[PDB]
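> Hey, dropping coords.csv in here, CSV, C-alpha atoms and all ligand atoms:
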chain,number,residue,atom,x,y,z
K,1,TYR,CA,2.6,209.4,43.0
K,2,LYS,CA,5.7,211.4,44.1
K,3,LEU,CA,8.7,211.8,41.9
K,4,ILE,CA,11.6,213.1,44.2
K,5,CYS,CA,14.7,214.3,42.5
K,6,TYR,CA,18.0,215.3,43.9
K,7,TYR,CA,20.2,218.0,42.3
K,8,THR,CA,23.8,218.2,43.5
K,9,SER,CA,25.7,221.4,44.1
K,10,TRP,CA,29.0,220.2,42.9
K,11,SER,CA,27.7,219.3,39.5
K,12,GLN,CA,28.2,222.9,38.3
K,13,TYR,CA,32.0,222.4,38.2
K,14,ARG,CA,32.0,219.6,35.7
K,15,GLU,CA,33.8,220.6,32.4
K,16,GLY,CA,31.9,221.2,29.2
K,17,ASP,CA,28.5,219.8,28.7
K,18,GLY,CA,28.8,218.0,32.0
K,19,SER,CA,28.3,221.3,33.8
K,20,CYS,CA,24.8,221.3,35.3
K,21,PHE,CA,22.9,224.2,36.9
K,22,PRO,CA,19.3,224.1,38.2
K,23,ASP,CA,18.4,226.2,35.2
K,24,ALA,CA,18.6,222.9,33.2
K,25,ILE,CA,15.9,221.2,35.3
K,26,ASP,CA,12.5,220.7,33.6
K,27,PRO,CA,10.0,222.2,36.1
K,28,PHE,CA,7.3,219.6,35.2
K,29,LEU,CA,9.6,216.6,35.4
K,30,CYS,CA,9.6,215.9,39.1
K,31,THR,CA,7.1,216.7,41.9
K,32,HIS,CA,9.8,217.5,44.4
K,33,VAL,CA,13.4,218.7,43.8
K,34,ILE,CA,15.9,218.4,46.6
K,35,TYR,CA,19.1,220.6,46.6
K,36,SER,CA,22.0,218.6,47.9
K,37,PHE,CA,24.2,219.6,50.7
K,38,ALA,CA,23.7,222.3,53.1
K,39,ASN,CA,26.3,222.4,55.8
K,40,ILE,CA,26.1,223.0,59.6
K,41,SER,CA,28.2,225.8,61.1
K,42,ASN,CA,28.1,227.1,64.7
K,43,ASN,CA,25.3,224.6,65.2
K,44,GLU,CA,23.2,226.3,62.5
K,45,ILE,CA,22.2,225.2,59.0
K,46,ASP,CA,24.3,227.0,56.5
K,47,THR,CA,25.4,227.2,52.8
K,48,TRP,CA,28.1,224.9,51.4
K,49,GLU,CA,29.2,226.3,48.1
K,50,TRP,CA,30.3,229.9,47.6
K,51,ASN,CA,27.4,230.5,45.2
K,52,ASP,CA,24.7,228.5,46.9
K,53,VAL,CA,22.4,231.4,47.6
K,54,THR,CA,22.5,232.2,43.9
K,55,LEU,CA,21.7,228.6,43.0
K,56,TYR,CA,19.0,228.4,45.6
K,57,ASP,CA,17.4,231.3,43.9
K,58,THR,CA,17.7,229.8,40.4
K,59,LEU,CA,16.2,226.5,41.6
K,60,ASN,CA,13.3,228.2,43.4
K,61,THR,CA,12.4,230.2,40.3
K,62,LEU,CA,11.3,227.0,38.6
K,63,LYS,CA,8.3,227.4,40.9
K,64,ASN,CA,7.3,230.4,38.8
K,65,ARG,CA,6.6,228.0,35.9
K,66,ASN,CA,5.2,225.1,38.0
K,67,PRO,CA,3.6,226.5,41.1
K,68,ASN,CA,2.9,223.0,42.3
K,69,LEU,CA,6.6,222.1,42.4
K,70,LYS,CA,8.1,221.6,45.9
K,71,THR,CA,11.8,222.1,46.8
K,72,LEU,CA,13.7,220.8,49.8
K,73,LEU,CA,17.1,221.5,51.1
K,74,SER,CA,19.1,218.4,52.2
K,75,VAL,CA,21.5,218.6,55.2
K,76,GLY,CA,24.4,216.2,55.5
K,77,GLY,CA,25.6,214.1,52.7
K,78,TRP,CA,28.7,211.9,52.3
K,79,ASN,CA,31.3,214.6,52.6
K,80,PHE,CA,29.6,215.5,55.9
K,81,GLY,CA,31.1,213.6,58.8
K,82,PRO,CA,28.4,211.5,60.5
K,83,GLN,CA,30.4,212.0,63.7
K,84,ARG,CA,29.5,215.7,63.2
K,85,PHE,CA,25.9,214.8,62.9
K,86,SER,CA,26.2,212.7,66.0
K,87,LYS,CA,27.7,215.4,68.2
K,88,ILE,CA,25.0,217.9,67.2
K,89,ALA,CA,22.0,215.5,67.9
K,90,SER,CA,23.4,214.1,71.2
K,91,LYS,CA,23.3,217.3,73.1
K,92,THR,CA,19.9,218.9,73.7
K,93,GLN,CA,21.6,222.4,73.5
K,94,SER,CA,23.3,221.9,70.1
K,95,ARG,CA,20.3,220.1,68.8
K,96,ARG,CA,17.7,222.8,69.9
K,97,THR,CA,20.0,225.4,68.3
K,98,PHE,CA,20.2,223.5,65.0
K,99,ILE,CA,16.4,223.1,65.0
K,100,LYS,CA,15.5,226.7,65.7
K,101,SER,CA,17.8,227.8,62.9
K,102,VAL,CA,16.1,225.8,60.1
K,103,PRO,CA,12.7,227.4,59.4
K,104,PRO,CA,14.0,231.0,59.0
K,105,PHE,CA,16.8,229.8,56.8
K,106,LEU,CA,14.4,227.7,54.7
K,107,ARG,CA,12.0,230.7,54.5
K,108,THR,CA,14.7,233.2,53.5
K,109,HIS,CA,15.8,231.1,50.5
K,110,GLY,CA,12.4,229.8,49.3
K,111,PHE,CA,12.5,226.1,50.3
K,112,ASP,CA,9.4,224.1,51.2
K,113,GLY,CA,11.2,221.7,53.5
K,114,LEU,CA,14.2,220.0,54.9
K,115,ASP,CA,15.7,216.7,53.9
K,116,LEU,CA,17.9,214.9,56.5
K,117,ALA,CA,20.8,213.0,55.0
K,118,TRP,CA,22.6,211.7,58.1
K,119,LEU,CA,24.6,209.0,56.3
K,120,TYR,CA,24.5,206.3,58.8
K,121,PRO,CA,23.8,206.8,62.5
K,122,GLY,CA,25.4,204.0,64.5
K,123,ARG,CA,24.0,202.0,67.2
K,124,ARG,CA,24.7,204.8,69.7
K,125,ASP,CA,22.8,207.4,67.7
K,126,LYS,CA,19.6,205.6,67.1
K,127,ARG,CA,17.9,207.3,70.0
K,128,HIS,CA,19.2,210.8,69.1
K,129,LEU,CA,18.0,210.5,65.6
K,130,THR,CA,14.5,209.8,66.9
K,131,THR,CA,14.7,212.9,69.1
K,132,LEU,CA,16.1,215.0,66.2
K,133,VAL,CA,13.2,214.0,63.9
K,134,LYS,CA,10.5,214.4,66.6
K,135,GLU,CA,11.7,217.9,67.7
K,136,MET,CA,12.4,219.1,64.2
K,137,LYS,CA,8.8,218.2,63.3
K,138,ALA,CA,7.3,219.8,66.4
K,139,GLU,CA,9.2,223.0,65.5
K,140,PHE,CA,7.8,222.9,61.9
K,141,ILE,CA,4.3,222.4,63.4
K,142,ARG,CA,4.8,225.5,65.6
K,143,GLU,CA,6.2,227.6,62.8
K,144,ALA,CA,3.1,227.0,60.6
K,145,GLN,CA,1.0,228.8,63.2
K,146,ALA,CA,2.3,232.0,61.5
K,147,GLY,CA,0.1,231.3,58.6
K,148,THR,CA,2.4,230.0,56.1
K,149,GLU,CA,2.3,226.4,54.7
K,150,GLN,CA,3.9,223.8,57.0
K,151,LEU,CA,7.5,222.9,56.1
K,152,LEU,CA,8.0,219.3,54.9
K,153,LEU,CA,10.4,217.0,56.7
K,154,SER,CA,12.1,214.1,54.9
K,155,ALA,CA,15.0,211.7,55.4
K,156,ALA,CA,17.2,209.6,53.2
K,157,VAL,CA,17.6,206.1,54.8
K,158,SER,CA,19.9,203.2,54.1
K,159,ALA,CA,18.4,200.1,52.4
K,160,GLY,CA,21.0,197.8,54.1
K,161,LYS,CA,19.5,195.5,56.7
K,162,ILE,CA,22.3,195.7,59.1
K,163,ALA,CA,22.4,199.5,58.8
K,164,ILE,CA,18.7,199.8,59.4
K,165,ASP,CA,18.7,197.5,62.5
K,166,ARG,CA,21.7,199.4,63.8
K,167,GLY,CA,20.8,203.2,63.5
K,168,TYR,CA,17.1,203.6,62.8
K,169,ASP,CA,13.8,203.4,64.8
K,170,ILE,CA,11.7,203.2,61.8
K,171,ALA,CA,8.3,202.8,63.5
K,172,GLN,CA,9.0,206.0,65.5
K,173,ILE,CA,10.5,208.2,62.8
K,174,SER,CA,7.9,207.2,60.2
K,175,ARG,CA,5.1,209.0,62.1
K,176,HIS,CA,7.0,212.3,62.0
K,177,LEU,CA,8.4,212.3,58.5
K,178,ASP,CA,6.4,213.3,55.4
K,179,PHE,CA,8.3,210.8,53.3
K,180,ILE,CA,11.3,208.5,53.6
K,181,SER,CA,13.6,207.9,50.6
K,182,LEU,CA,15.1,204.4,50.5
K,183,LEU,CA,18.6,204.3,49.2
K,184,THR,CA,18.2,201.1,47.2
K,185,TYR,CA,21.3,201.5,45.1
K,186,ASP,CA,24.2,200.7,47.3
K,187,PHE,CA,24.0,196.9,47.6
K,188,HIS,CA,27.5,196.4,46.2
K,189,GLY,CA,30.6,198.3,45.5
K,190,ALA,CA,34.4,197.8,45.2
K,191,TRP,CA,34.7,197.0,49.0
K,192,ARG,CA,34.6,193.5,47.5
K,193,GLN,CA,37.1,192.0,45.2
K,194,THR,CA,34.2,190.8,43.0
K,195,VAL,CA,31.9,192.1,40.3
K,196,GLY,CA,28.3,192.6,41.2
K,197,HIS,CA,25.3,194.9,40.7
K,198,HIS,CA,24.6,197.7,43.2
K,199,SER,CA,20.9,198.1,42.5
K,200,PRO,CA,19.2,194.7,41.7
K,201,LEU,CA,15.5,194.6,42.1
K,202,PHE,CA,15.2,190.9,43.1
K,203,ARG,CA,17.5,188.5,45.0
K,204,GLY,CA,19.0,186.4,42.2
K,205,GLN,CA,18.1,182.7,42.9
K,206,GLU,CA,21.8,182.2,42.0
K,207,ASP,CA,23.5,183.4,45.2
K,208,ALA,CA,21.9,183.4,48.7
K,209,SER,CA,24.3,185.0,51.3
K,210,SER,CA,23.1,188.7,51.0
K,211,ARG,CA,19.6,187.6,50.2
K,212,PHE,CA,19.1,191.0,51.9
K,213,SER,CA,20.8,193.0,49.3
K,214,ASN,CA,18.2,193.9,46.7
K,215,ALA,CA,15.4,196.5,46.5
K,216,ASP,CA,12.6,194.0,47.2
K,217,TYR,CA,13.9,192.8,50.4
K,218,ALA,CA,14.6,196.4,51.6
K,219,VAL,CA,11.0,197.4,50.8
K,220,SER,CA,9.4,194.3,52.5
K,221,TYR,CA,11.6,194.8,55.6
K,222,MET,CA,10.7,198.5,56.0
K,223,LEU,CA,7.0,197.7,55.5
K,224,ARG,CA,7.5,195.1,58.3
K,225,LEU,CA,9.2,197.5,60.6
K,226,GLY,CA,6.2,199.8,60.5
K,227,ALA,CA,6.9,202.4,57.8
K,228,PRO,CA,3.6,202.9,56.0
K,229,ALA,CA,3.7,202.4,52.3
K,230,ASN,CA,2.2,205.8,51.7
K,231,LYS,CA,5.4,207.4,53.1
K,232,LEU,CA,8.1,205.2,51.5
K,233,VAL,CA,9.9,206.3,48.3
K,234,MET,CA,12.1,203.8,46.4
K,235,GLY,CA,15.4,205.2,45.2
K,236,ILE,CA,16.4,204.7,41.6
K,237,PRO,CA,19.9,205.6,40.4
K,238,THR,CA,20.8,207.4,37.4
K,239,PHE,CA,24.5,206.5,37.6
K,240,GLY,CA,26.4,203.3,37.4
K,241,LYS,CA,29.2,201.7,39.3
K,242,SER,CA,32.4,200.6,37.4
K,243,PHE,CA,35.1,198.1,38.1
K,244,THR,CA,38.5,197.2,36.6
K,245,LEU,CA,38.6,193.5,35.9
K,246,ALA,CA,41.5,191.4,37.3
K,247,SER,CA,41.1,188.7,34.7
K,248,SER,CA,39.5,188.0,31.3
K,249,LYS,CA,36.4,186.7,33.1
K,250,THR,CA,33.2,188.8,32.9
K,251,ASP,CA,30.4,186.8,34.4
K,252,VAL,CA,29.0,186.6,37.9
K,253,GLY,CA,31.8,186.3,40.4
K,254,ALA,CA,34.5,187.7,38.1
K,255,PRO,CA,37.5,188.9,40.1
K,256,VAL,CA,38.2,192.6,40.5
K,257,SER,CA,41.3,194.7,41.2
K,258,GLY,CA,39.5,198.0,42.0
K,259,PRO,CA,37.1,200.6,40.7
K,260,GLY,CA,36.9,201.5,37.0
K,261,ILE,CA,38.7,204.4,35.5
K,262,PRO,CA,37.1,207.8,35.9
K,263,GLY,CA,34.6,209.2,33.4
K,264,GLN,CA,35.7,212.2,31.2
K,265,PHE,CA,33.2,214.5,32.9
K,266,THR,CA,32.4,213.1,36.4
K,267,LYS,CA,36.1,212.4,37.1
K,268,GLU,CA,35.4,210.0,40.0
K,269,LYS,CA,36.8,206.5,40.2
K,270,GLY,CA,34.0,203.9,40.5
K,271,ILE,CA,31.1,206.0,39.2
K,272,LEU,CA,29.8,206.9,35.8
K,273,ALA,CA,27.0,209.2,34.9
K,274,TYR,CA,24.3,207.7,32.7
K,275,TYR,CA,25.3,210.1,29.9
K,276,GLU,CA,28.8,208.8,30.2
K,277,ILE,CA,27.5,205.2,30.1
K,278,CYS,CA,25.7,205.9,26.9
K,279,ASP,CA,29.0,206.8,25.3
K,280,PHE,CA,30.7,203.7,26.9
K,281,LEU,CA,28.2,201.4,25.4
K,282,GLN,CA,29.5,202.0,21.9
K,283,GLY,CA,31.8,199.1,21.4
K,284,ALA,CA,30.8,197.4,24.6
K,285,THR,CA,29.2,194.0,25.2
K,286,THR,CA,25.8,194.3,27.0
K,287,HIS,CA,24.3,191.7,29.3
K,288,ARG,CA,21.3,191.5,31.7
K,289,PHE,CA,20.7,189.6,35.0
K,290,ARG,CA,17.4,187.8,34.3
K,291,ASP,CA,16.7,187.2,38.0
K,292,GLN,CA,17.9,190.6,39.3
K,293,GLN,CA,16.4,192.5,36.4
K,294,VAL,CA,19.3,194.9,35.8
K,295,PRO,CA,22.0,195.2,33.1
K,296,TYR,CA,25.8,195.4,33.0
K,297,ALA,CA,28.3,196.1,30.3
K,298,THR,CA,32.0,195.4,29.6
K,299,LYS,CA,34.6,196.7,27.2
K,300,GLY,CA,38.3,195.8,27.6
K,301,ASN,CA,39.0,195.4,31.3
K,302,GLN,CA,36.1,197.6,32.4
K,303,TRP,CA,32.9,196.3,33.9
K,304,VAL,CA,29.8,198.6,34.5
K,305,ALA,CA,26.7,197.9,36.5
K,306,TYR,CA,24.0,200.4,35.6
K,307,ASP,CA,20.2,201.0,35.0
K,308,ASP,CA,18.6,201.7,31.7
K,309,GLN,CA,15.1,202.7,30.6
K,310,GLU,CA,13.8,199.2,30.9
K,311,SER,CA,15.3,198.5,34.4
K,312,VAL,CA,14.0,201.8,35.6
K,313,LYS,CA,10.6,201.3,34.2
K,314,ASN,CA,10.6,197.9,35.9
K,315,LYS,CA,11.5,199.3,39.3
K,316,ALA,CA,8.7,201.9,38.9
K,317,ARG,CA,6.1,199.3,38.1
K,318,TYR,CA,7.3,197.4,41.1
K,319,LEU,CA,6.9,200.3,43.5
K,320,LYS,CA,3.4,200.8,41.9
K,321,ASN,CA,2.4,197.2,42.6
K,322,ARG,CA,3.4,197.6,46.2
K,323,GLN,CA,1.5,200.8,46.5
K,324,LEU,CA,4.5,202.9,47.7
K,325,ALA,CA,4.3,206.7,47.8
K,326,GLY,CA,6.6,207.1,44.8
K,327,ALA,CA,10.1,207.1,43.4
K,328,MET,CA,13.4,209.0,44.3
K,329,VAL,CA,16.0,209.7,41.7
K,330,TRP,CA,19.6,210.3,42.7
K,331,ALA,CA,21.0,212.9,40.6
K,332,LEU,CA,19.1,214.7,37.9
K,333,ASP,CA,22.7,215.8,36.9
K,334,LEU,CA,23.8,212.3,36.3
K,335,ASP,CA,21.0,211.6,33.9
K,336,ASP,CA,21.3,212.8,30.3
K,337,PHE,CA,20.0,216.3,31.2
K,338,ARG,CA,21.1,217.8,27.9
K,339,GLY,CA,19.7,214.8,26.1
K,340,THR,CA,22.5,214.8,23.6
K,341,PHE,CA,24.6,211.7,24.6
K,342,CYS,CA,22.0,208.9,24.6
K,343,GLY,CA,20.9,208.8,20.9
K,344,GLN,CA,17.3,209.9,21.1
K,345,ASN,CA,17.2,213.7,21.5
K,346,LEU,CA,15.2,213.1,24.7
K,347,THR,CA,16.1,215.2,27.8
K,348,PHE,CA,16.3,213.2,31.1
K,349,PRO,CA,15.6,209.8,29.6
K,350,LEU,CA,15.9,207.8,32.9
K,351,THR,CA,13.9,210.1,35.0
K,352,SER,CA,11.2,210.5,32.2
K,353,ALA,CA,10.8,206.7,31.9
K,354,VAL,CA,10.1,206.7,35.6
K,355,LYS,CA,7.6,209.6,35.3
K,356,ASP,CA,5.9,207.8,32.4
K,357,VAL,CA,5.2,204.6,34.3
K,358,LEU,CA,4.1,206.5,37.3
K,359,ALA,CA,1.7,208.6,35.2
K,360,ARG,CA,0.0,205.3,34.7
K,361,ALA,CA,-1.5,203.3,37.6
H,401,LIG,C1,31.0,223.4,57.1
H,401,LIG,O1,31.1,224.0,58.4
H,401,LIG,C2,32.2,223.6,59.1
H,401,LIG,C3,32.0,224.2,60.6
H,401,LIG,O2,32.1,225.6,60.5
H,401,LIG,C4,33.5,224.1,58.5
H,401,LIG,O3,34.7,223.4,59.1
H,401,LIG,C5,35.7,224.2,59.8
H,401,LIG,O4,36.9,224.6,59.5
H,401,LIG,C6,37.2,225.7,60.2
H,401,LIG,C7,37.7,226.9,59.4
H,401,LIG,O5,37.9,226.6,58.0
H,401,LIG,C8,38.2,225.0,61.1
H,401,LIG,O6,38.8,225.9,62.0
H,401,LIG,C9,37.4,223.9,61.7
H,401,LIG,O7,38.3,223.0,62.2
H,401,LIG,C10,36.4,223.2,60.7
H,401,LIG,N1,35.5,222.3,61.3
H,401,LIG,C11,34.9,221.3,60.7
H,401,LIG,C12,33.9,220.5,61.4
H,401,LIG,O8,35.3,220.9,59.6
H,401,LIG,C13,33.5,223.7,57.1
H,401,LIG,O9,34.6,224.4,56.4
H,401,LIG,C14,32.2,224.0,56.3
H,401,LIG,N2,32.3,223.4,55.0
H,401,LIG,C15,32.1,224.1,54.0
H,401,LIG,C16,32.2,223.3,52.6
H,401,LIG,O10,31.8,225.2,54.0
Now, as a test, write the supplied structure out as C-alpha cells.


Amino acid sequence: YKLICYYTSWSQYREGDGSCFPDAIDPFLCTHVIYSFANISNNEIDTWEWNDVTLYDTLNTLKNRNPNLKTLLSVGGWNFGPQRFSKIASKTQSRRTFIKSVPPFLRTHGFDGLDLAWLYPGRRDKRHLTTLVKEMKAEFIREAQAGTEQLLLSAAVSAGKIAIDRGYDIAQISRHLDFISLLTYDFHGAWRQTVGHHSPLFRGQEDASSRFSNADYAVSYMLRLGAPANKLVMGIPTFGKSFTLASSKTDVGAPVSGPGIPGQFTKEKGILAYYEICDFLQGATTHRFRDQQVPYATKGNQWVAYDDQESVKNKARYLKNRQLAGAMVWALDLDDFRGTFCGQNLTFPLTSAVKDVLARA
C-alpha cells in the first residue's frame, strides 16, 4: 500500500513549535513525500520560496536513511492561478517548453517525480490537461533511456462530481499517471451559511441533496469513470475546518456567520491544524456523525469539523476493502509532528494511525 504525504513550504514560517522543516519528517513514516508548491516562470518549473533549494536538499537527505523513500515535487497549488495553468497548457509552444524543463530540474534537486496540482481545470481545459499529462509522461519515458530510473508522474484531482465531469478525462489520464490522489476533504466549507463536515466517509441517510459529497461516492464514481483501483489514492486530512456559530444551535443545519477564528499557529481563518484541535478540545463538547463516521467539536461560538485517530483508521480500512492503491495525507505539518500537543508523546498520530491500518491487510 502507498502512503503519500504532502509537506508544505510555507509551514517553516509558523511561530514557535508550529514551525516545521522537512528535518522533522520521519523517513519511515510515508512511502512517498511530496514537496508542495513549485512555481512556473518563463514557462519553466521553478522554485517558490527563497530557501527552497535548501529545503529540497534537507528533504531529499531523508533518502539517506530510507533508500526506499520516494519524493515528488508538486506544481501548482491554490495560490497558483489556474488561469496560469490554463494558458501554459493551451499552447503547444508554452506547454512543450514547460515539459522539457521538468526532468533536468527534478534531477538537479533530487526528486523522483512530478505531482500536478492544477486546482481545477474548467470545461475548456479538459482537453489540454489530457495533452499535458500525455506529453509529460512521454517525455519522462524518453528521459529514462539515459539509464536513470523513470520519473514518476502524479496528479491531485478534485473529489467533487461536478468538478470531475467538468475538467477531467479520467479514463485517458489514468493510463499515463502513476497514481491519482483524490481530494476527498473539501465537501463543505464556509461558502454555505450552514455547519457541515468537509470529509465525511458516507452519505448520511439524513440529508440527500449532495448525496455526491462524501468520500464513498467520489471513489465509486472514479472507479466507474475508468480509473483503475490500483492507481487511486484516497485523501485523508490532518486539519479541520472551523466555523463561527450564528446562534446557540450546534447540531446538523446550525446557522453560520463565517469561518472560525484563526489558530494561534496556523493563523488562517477557517482552518485548524490537528495539533491546534488537540488543544481546542480541552473544554469542548465532542460529537460524532454516526452515519458519516466523522467527529466535530464545539466550545463557545466555535464549531470544528475534524478527523481523529478513529475516523482516520476507518477511512484507511475503507480504502483497504475497496482495494485502492493507498492513502494520501494532506500536510504532515498539520499533524502533531512534534507529538507534544495531543496527550500521548506520539509523533504524527494521525498519519501513524493510517500507516498502522495499512500495515495490515
Ligand atoms: C512565480 O512566477 C511568476 C512568473 O514569473 C511570478 O509573477 C510575476 O511578477 C513579476 C515580477 O515580480 C511581474 O512582473 C509579473 O506580473 C508576475 N506574473 C505573475 C504570473 O504573477 C511570481 O512572482 C512567482 N511567484 C513566486 C512566489 O516566486

> What lies within 7 Å of residue 112 in chain K using only C-alpha atoms, ignoring chain neighbours under 5 positions off, as number ranges by chain?

K: 70-72, 151-152

> From the set K:11, K:216, K:18, K:125, which residue has the shortest atom-to-atom contact distance to residue 340 in chain K, counting only C-alpha atoms?

K:18

> Write out, as CSV, each residue of chain K that has an atom at most 10 Å from ligand LIG 401 (chain H), together with the closest pair of atoms and their distance in Å to one decimal, counting all atoms listed in the file, rows going by chain and rising number.


residue,atom,partner,partner_atom,distance
K:37,CA,H:LIG401,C16,9.0
K:38,CA,H:LIG401,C1,8.4
K:39,CA,H:LIG401,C1,5.0
K:40,CA,H:LIG401,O1,5.2
K:41,CA,H:LIG401,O2,4.0
K:42,CA,H:LIG401,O2,6.0
K:43,CA,H:LIG401,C3,8.1
K:44,CA,H:LIG401,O2,9.1
K:45,CA,H:LIG401,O1,9.0
K:46,CA,H:LIG401,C1,7.6
K:47,CA,H:LIG401,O10,6.8
K:48,CA,H:LIG401,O10,4.5
K:49,CA,H:LIG401,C16,6.2
K:50,CA,H:LIG401,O10,8.1
K:76,CA,H:LIG401,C1,9.9
K:79,CA,H:LIG401,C16,8.7
K:80,CA,H:LIG401,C1,8.1
K:81,CA,H:LIG401,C12,7.9
K:83,CA,H:LIG401,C12,9.5
K:84,CA,H:LIG401,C12,6.8
K:85,CA,H:LIG401,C12,9.9

> Which residues are near residue 136 in chain K? Cut-off 12 Å, only C-alpha atoms, ignore same chain within fewer than 3 positions. Put them as an MDAnalysis selection string.

chainID K and resid 89 95:103 113:116 128:133 139:143 151:155 173 176:177

> What's the separation between CA of residue 338 in chain K and CA of residue 301 in chain K, in Å to one decimal place?

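So the answer is 28.9 Å.
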
> If we count all atoms listed in the file, what is near residue 336 in chain K at a cut-off of 12 Å, once residues fewer than 3 positions away on the same chain are taken out, given as a VMD selection string?

chain K and resid 17 to 20 24 to 25 238 to 239 272 to 279 308 to 309 331 to 333 339 to 352

> Check the smallest atom-to-atom distance from each of K:318, K:56, K:217, K:28 to residue 105 in chain K using all atoms listed in the file, then report the winner.

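Looking at the shortest contact to residue 105 in chain K, the residue is K:56.
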
> Within 12 Å of residue 307 in chain K, counting only C-alpha atoms, which residues qualify if same-chain residues fewer than 5 places away don't, as a ChimeraX atom specification?

/K:185,197-201,236-241,272-275,277-278,286-289,292-297,312-315,329,334-335,349-351,353-354

> Would you list the contacts of residue 320 in chain K as an MDAnalysis selection string, taking every protein, DNA or RNA residue within 12 Å and counting all atoms listed in the file, but skipping same-chain residues closer than 2 positions in sequence?

chainID K and resid 1:2 229:230 232:234 313:318 322:327 354:355 357:361

> What does the distance from CA of residue 165 in chain K to CA of residue 259 in chain K come to in Å, to one decimal?

28.7 Å
